[PDB]
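When we count neighbours, we look across all protein chains shown, and the Cβ atoms used for this are built from the backbone with ideal geometry, even at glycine. Nothing in this text is a laboratory measurement; each read-out follows from the coordinates by a stated rule.
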Amino acid sequence: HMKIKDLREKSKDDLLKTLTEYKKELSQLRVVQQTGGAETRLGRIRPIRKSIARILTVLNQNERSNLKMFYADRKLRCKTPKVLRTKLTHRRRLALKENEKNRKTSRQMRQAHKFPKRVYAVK
Amino acid sequence: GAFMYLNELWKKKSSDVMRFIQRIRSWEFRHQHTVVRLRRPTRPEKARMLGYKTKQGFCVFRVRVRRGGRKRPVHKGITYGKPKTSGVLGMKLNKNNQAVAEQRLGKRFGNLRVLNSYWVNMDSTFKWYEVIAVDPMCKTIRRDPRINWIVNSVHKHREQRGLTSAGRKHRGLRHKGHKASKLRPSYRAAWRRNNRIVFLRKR
Amino acid sequence: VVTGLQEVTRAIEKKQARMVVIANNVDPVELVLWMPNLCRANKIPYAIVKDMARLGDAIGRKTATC
Amino acid sequence: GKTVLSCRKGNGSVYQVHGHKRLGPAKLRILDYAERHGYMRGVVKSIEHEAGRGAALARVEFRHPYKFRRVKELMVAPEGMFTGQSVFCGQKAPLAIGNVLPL
Amino acid sequence: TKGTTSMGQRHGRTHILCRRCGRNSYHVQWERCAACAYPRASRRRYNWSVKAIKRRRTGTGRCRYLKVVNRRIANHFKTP
Amino acid sequence: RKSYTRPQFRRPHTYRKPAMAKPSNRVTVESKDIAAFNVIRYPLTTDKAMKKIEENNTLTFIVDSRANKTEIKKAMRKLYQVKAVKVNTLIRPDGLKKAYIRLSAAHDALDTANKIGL
Amino acid sequence: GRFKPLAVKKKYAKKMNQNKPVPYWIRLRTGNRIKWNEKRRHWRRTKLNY
RNA sequence: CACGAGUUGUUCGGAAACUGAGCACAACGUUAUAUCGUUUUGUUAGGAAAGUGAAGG
RNA sequence: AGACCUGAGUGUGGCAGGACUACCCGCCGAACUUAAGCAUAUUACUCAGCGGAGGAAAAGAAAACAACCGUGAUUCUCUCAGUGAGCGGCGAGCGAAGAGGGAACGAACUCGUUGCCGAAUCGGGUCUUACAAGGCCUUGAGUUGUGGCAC
RNA sequence: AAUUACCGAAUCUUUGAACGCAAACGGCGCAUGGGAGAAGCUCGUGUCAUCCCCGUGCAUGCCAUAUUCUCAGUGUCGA
RNA sequence: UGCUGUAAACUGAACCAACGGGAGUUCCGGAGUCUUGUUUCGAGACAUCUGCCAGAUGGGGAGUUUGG
Ligand SMILES: [K+]
Ligand SMILES: [Mg+2]
Ligand SMILES: [Mg+2]
Ligand SMILES: [Mg+2]
Ligand SMILES: [Mg+2]
Ligand SMILES: [Mg+2]
Ligand SMILES: [Mg+2]
Ligand SMILES: [Mg+2]
Ligand SMILES: [Mg+2]
Ligand SMILES: [Mg+2]
Ligand SMILES: [Mg+2]
Ligand SMILES: [Mg+2]
Ligand SMILES: [Mg+2]
Ligand SMILES: [Mg+2]
Ligand SMILES: [Mg+2]
Ligand SMILES: [Mg+2]
Ligand code: NA
Ligand code: NA
Ligand code: NA
Ligand SMILES: [Zn+2]
């Protein structure tokens with residue numbers, strides 16, 4: 001049984017060795033599952049599977065964070081693989097951005113600066 | 001400017017020189033495809049007044065349609081029911097050829113936005129219109145405040161819903177007042193207004 | 001020199017132009033079909049020459065109508 | 001009433017020709033430069049019978065005018081043609097059974 | 001005759017399973033599905049049978065991705 | 001461009017730039033020391049399997065249904081340090097794939113079975 | 001007979017696996033409603049036909 | 001009816017890899033509408049549909 | 001050699017095809033039924049068929065009403081009105097608009113043309129924390145006209 | 001915590017508009033990057049041909065573009 | 001007026017330049033040059049042609065009726 005806090009403080013190589021050890025142990029437990037086997041031994045199958053899942057989660061999260069940090073640079077930001085870009089929605093991706101809209105012509109800017117909306121009260 | 005000379009010249013379609021030019025162009029056009037892409041419009045003044053600019057997102061195509069009336073598509077020319085619905089050759093379509101041309105181009109090329117069109121040439125078999133379309137994914141288009149209204153998705157297939165000038169013409173929205181009361185905002189809208197049965201609460 | 005259809009037309013319609021050169025192979029010919037008649041209605045000397053590509057090479061562009 | 005049979009036959013559904021065993025269209029040579037300005041000589045290779053037709057068909061071999069190749073044609077045989085015969089086509093041809101000449 | 005005896009004369013198969021909709025409606029000789037119109041790009045849909053439309057419409061299956069995109073929309077696409 | 005010797009024109013030969021290799025669109029970590037555990041699942045303990053172990057130097061395994069004989073041999077060697085001289089496979093009527101693996105005479109299937117824990 | 005596609009073989013294998021009775025402790029669970037399988041199939045009554 | 005088992009291939013049948021009666025993707029045309037038509041009598045398409053032998057330096 | 005015009009091939013960056021379709025926009029479009037028969041008429045500019053969007057859609061800023069002491073973009077509600085309008089084998093039947101009381105309302109703007117300027121414009125590289133409405137550089141596009149200012 | 005609830009980080013088999021080519025086939029490719037290979041080769045290693053496994057790209061149409069890519073035309077010119 | 005052959009009347013072969021000339025390796029001739037341009041042939045402003053109007057004919061087909 002592996003603890004997530006201890007897992008997060010390890011390198012890739014140690015994580016891979018632990019992954020191999022746990023896979024080997026589960027493969028051994030399947031043999032017991034086939035040839036009779038006692039309840040105390042069969043009760044170990046679930047914790048091992050969840051430990052494997054934990055190790056794989058840590059590995060993949062580290063990999064994704066590193067790759068995003070790599071492609072953060074403006075030189076390579078235009079070649080980011082589409083699996084690392086923000087998903088949102090098809091239509092939101094295709095819609096006009098706030099900067100793209102909200103532009104006006106020179107005449108409209110000048111008129112809005114000459115005649116702004118006022119605050120007033122009536123007595 | 002030069003616009004006045006081009007306009008006054010194109011208002012003389014029956015003169016000898018204009019007839020010669022149109023005859024050469026018609027011969028040339030009828031040996032091409034049904035849809036053709038152009039680099040520049042054939043009538044720059046008309047295109048500009050209809051909304052085309054010499055920019056990076058505007059394109060021009062030329063589309064062809066067949067002249068004449070409509071034949072009812074019934075097997076062997078046989079109809080059934082009341083005799084008043086028995087014509088096969090004398091009926092006419094309720095939509096004009098300019099709108100049909102715009103719809104054909106729009107159905108074929110789905111990544112563009114159809115803006116307007118104008119009459120270019122005519123024949124005994126064919127009619128030719130030129131269609132203005134813009135690309136909604138171009139940065140120039142998206143940043144120009146005078147055309148970037150067309151990037152919104154409520155303008156996706158205007159020609160299929162009849163929101164172009166030719167569609168408005170055959171819908172009847174060239175008139176107001178007492179000549180258009182039964183067709184505003186649409187025939188179906190007027191029908192619903194005039195025909196739904198109303199139940200007030202405390203009637 | 002004055003280049004461009006609009007500017008050249010304005011110079012012809014005033015009396016500023018002293019000579020006008022017109023290319024003979026413009027693609028929609030309606031852009032310049034009327035130009036000799038206008039230069040003749042005024043008293044502006046004009047000539048029609050062989051290539052809009054050669055005119056454009058002269059002025060530094062790809063082509064030129066007049 | 002219902003459709004008449006002579007009108008049903010115009011769809012050509014089960015009324016088309018049975019042509020699996022046929023050998024192809026029978027036609028003369030192509031009218032080309034050699035035939036217009038001289039003559040060409042061919043040799044009759046075989047005489048055969050094609051299903052559905054009452055006349056014989058002859059296979060005639062020529063030489064390709066432009067490439068190193070042999071060209072085989074299929075014509076309708078006149079009466080008297082035999083295998084190994086020489087056939088002339090074109091302007092300068094003599095008058096004999098099987099020769100093709102202008103009218 | 002045409003009753004009991006001629007039911008033994010029925011050998012073979014007109015339809016097999018469809019690759020797109022899973023029904024036994026694929027016509028072997030025409031290579032076309034009588035239920036979903038495969039391999040046409042769009043599916044069969046007729047307003048004279050609303051019962052069939054309601055049998056086939058969205059929400060009669062798993063909503064594998066809609067389940068999560070609806071949650072994202074309801075939570076305003078929040079991110080750390 | 002000068003002289004044509006054929007009666008019809010055909011598109012000329014031009015320069016074609018080859019396609020570049022993109023950055024990969026996969027981000028998952030995959031381990032090279034793990035695949036054999038997927039290839040081979042577990043053994044069988046029926047009477048036919050025991051008879052084969054005792055008589056023909058053969059072991060019986062349930063394997064991945066999409067694997068092939070070459071992969072099964074490689075996985076056998078990696079997981080247990082033995083050499084397989086023959087693999088015969090069948091897909092069962094319940095959907096699983098079963099393999100009969102015969103070891104070389106230099107290896108005792110009974111010893112390997114004892115090591116496995118059969 | 002001998003010939004069948006692998007996809008058809010896998011569908012038949014799934015049906016064979018499904019054709020089983022209910023385990024006995026299911027009936028001892030709390031709030032249980034299931035007594036028989038009620039989706040049992042017999043080769044002689046109803047045909048799958050694929 | 002319940003439980004437990006059983007189908008082993010370099011060469012056997014298929015595919016890999018033929019053509020037939022035939023089908024219809026592309027291209028083009030037509031239609032308010034493609035969910036229509038042509039598509040082997042050597043044979044697409046107003047029609048620019050061939051992507052690699054030998055090479056040498 | 002070269003240039004321009006009109007067309008191809010490949011590389012690089014993008015987009016469309018499907019689903020849903022209650023309401024909404026465009027086309028196509030019946031018959032049963034009523035007329036105590038039936039053909040014009042009615043059912044109905046409806047059902048079925050083919051296309052296309054949204055959170056609403058469509059409409060919208062006078063080539064509009066009126067005939068007054070004059071109103072003033074669009075949409076919707078009551079009423080005008082089952083109408084001393086009108087259409088109709090003038091039969092069965094069908095059938096609106098202006099005005100008036102209201103809901104909403106910071107509601108208005110943009111091209112083309114005319115006149116005066118004439119690359120001041122766009123794309124691409126690069127630098128400022130920055131894929132700036134910024135600077136520097138670029139023939140690439142563009143003078144067969146991008147952009148600015150006004151009666 | 002094998003408790004529950006919620007959500008921002010992930011995983012996500014074969015298909016399907018389905019799009020490398022096909023399809024009552026868990027089939028067959030081209031380019032490119034890897035892996036395993038007591039064949040052989042070499043000094044238990046290292047290396048590895050044929051065979052085998054895995055990742056990525058490769059549909060048609062349309063738009064933009066090429067530090068200015070490669071071309072075609074008895075189209076108009078000009079060396 | 002574009003030109004090199006009628007053995008055949010009982011079935012031969014034929015390509016991927018020899019050679020000549022020029023300023024090692026290219027270029028000319030062999031293999032005539034030219035183009036107010038059309039692939040060639042036939043018709044031709046008729047029509048085997050396009051669309052729109054008009055008149056005849058028309059149980060091939062549709063709807064409906066066939067008093068008391
Ligand atoms: K088709
Ligand atoms: Mg609008
Ligand atoms: Mg109203
Ligand atoms: Mg039978
Ligand atoms: Mg086998
Ligand atoms: Mg039983
Ligand atoms: Mg759609
Ligand atoms: Mg009713
Ligand atoms: Mg009645
Ligand atoms: Mg009655
Ligand atoms: Mg009746
Ligand atoms: Mg409907
Ligand atoms: Mg709107
Ligand atoms: Mg302007
Ligand atoms: Mg596929
Ligand atoms: Mg009758
Ligand atoms: Na079967
Ligand atoms: Na065939
Ligand atoms: Na009515
Ligand atoms: Zn189906």
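Peptide A:16-25 is shielded by partner chain Cβ atoms: per residue, an average of 2 of them sit within 10 Å of its Cβ.
Here the protein assembly as shown is treated as an ellipsoid with the same Cα gyration tensor; its semi-axes, largest first and in whole Å, are 68, 52, 37. Between segment D:60-103 and segment F:47-86, what is the separation of their alpha carbon centroids in Å? Measuring centre to centre over Cα atoms gives 74 Å. Which percent, to the nearest 5, of DSSP beta bridges fully inside the protein assembly as shown are antiparallel? Approximately 90 percent, going by the DSSP bridge assignments. Within the same chain, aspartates and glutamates fewer than 8 places from G:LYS9 are excluded, and of the rest, those with a Cα less than 16 Å from its Cα are F:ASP94.
Which links in A:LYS17/F:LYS74; F:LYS51/F:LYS98; A:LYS101/B:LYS156; A:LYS101/B:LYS46; A:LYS87/B:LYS139; B:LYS13/B:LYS71 stretch past 27 Å when you go from one Cα to the other? Beyond 27 Å: A:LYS101/B:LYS46; B:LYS13/B:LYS71.
Taking a span of 24 Å or more along the helix axis (Cα atoms) and a mean Kyte-Doolittle hydropathy of at least -1.0 as the rule, the DSSP H helices of chain A that qualify are A:12-34, A:45-71.
An oblate overall shape is assigned to chain B, the ratio a/c of its alpha-carbon gyration tensor axes (a ≥ b ≥ c) being 1.5 or greater and a/b not exceeding b/c. Among B:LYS12/B:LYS169; F:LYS52/F:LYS83; F:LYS115/G:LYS10, which pairs are too far apart, with a Cα-Cα distance over 26 Å? Exceeds cut-off: F:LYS115/G:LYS10. Taking a quarter of the surface of the Cα convex hull of chain E gives a mean projected area of 9.5 nm².
Couplings 3J(HN,Hα) for segment D:92-103, derived from phi with the Karplus relation 6.51 cos²θ - 1.76 cosθ + 1.60 (θ = phi - 60°), are 8, 7, x, 9, 7, 5, x, 7, 10, 9, x, 5 Hz, where x marks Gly and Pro. In order along segment F:81-92, phi translates into HN-Hα couplings of 6, 10, 10, 9, 9, 7, 10, 10, 10, 8, 9, 6 Hz, rounded to whole numbers, per the Karplus curve 6.51 cos²θ - 1.76 cosθ + 1.60 with θ = phi - 60° and x for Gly and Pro. Comparing B:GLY68, B:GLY162, B:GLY57 in a Gaussian network model of chain B where C-alpha atoms under 10 Å apart are linked, the largest mean-square fluctuation is found at B:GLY68.
Of interest is the spacing of the C-alpha centroids, which for segment G:17-50 and segment F:18-38 amounts to 44 Å. Bridgeable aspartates and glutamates around E:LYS78 (alpha carbons under 19 Å apart, same-chain partners fewer than 8 residues away excluded): A:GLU98.
Largest GNM mean-square fluctuation across E:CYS18, E:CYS36, E:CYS63, computed for chain E with C-alpha springs under 10 Å, falls on E:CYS63. The trypsin sites (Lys or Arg not before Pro) found in segment C:20-64 that occupy coil by DSSP, while having at most 16 further C-beta atoms within 10 Å, are C:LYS43, C:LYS50, C:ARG61, C:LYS62. Could you work out how far helix F:47-56 tilts from the main Cα principal axis of chain F, as a 0 to 90 degree angle to the nearest 10? It works out to around 80 degrees. Straight-line cross-link partners of D:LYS72 among the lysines, defined as a Cα under 27 Å from its Cα and at least 8 positions apart when in the same chain: D:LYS21, D:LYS27, D:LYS45, D:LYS92. GNM on chain E, alpha-carbon springs under 10 angstrom: the most fluctuating residue among E:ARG62, E:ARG32, E:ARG40 is E:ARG62. Exposed loop sites were defined as trypsin sites (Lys or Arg not before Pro) in DSSP loop states (anything but H, G, I, E or B) carrying at most 15 other C-beta atoms within 10 Å; in chain F the longest segment without such a site runs F:84-118.
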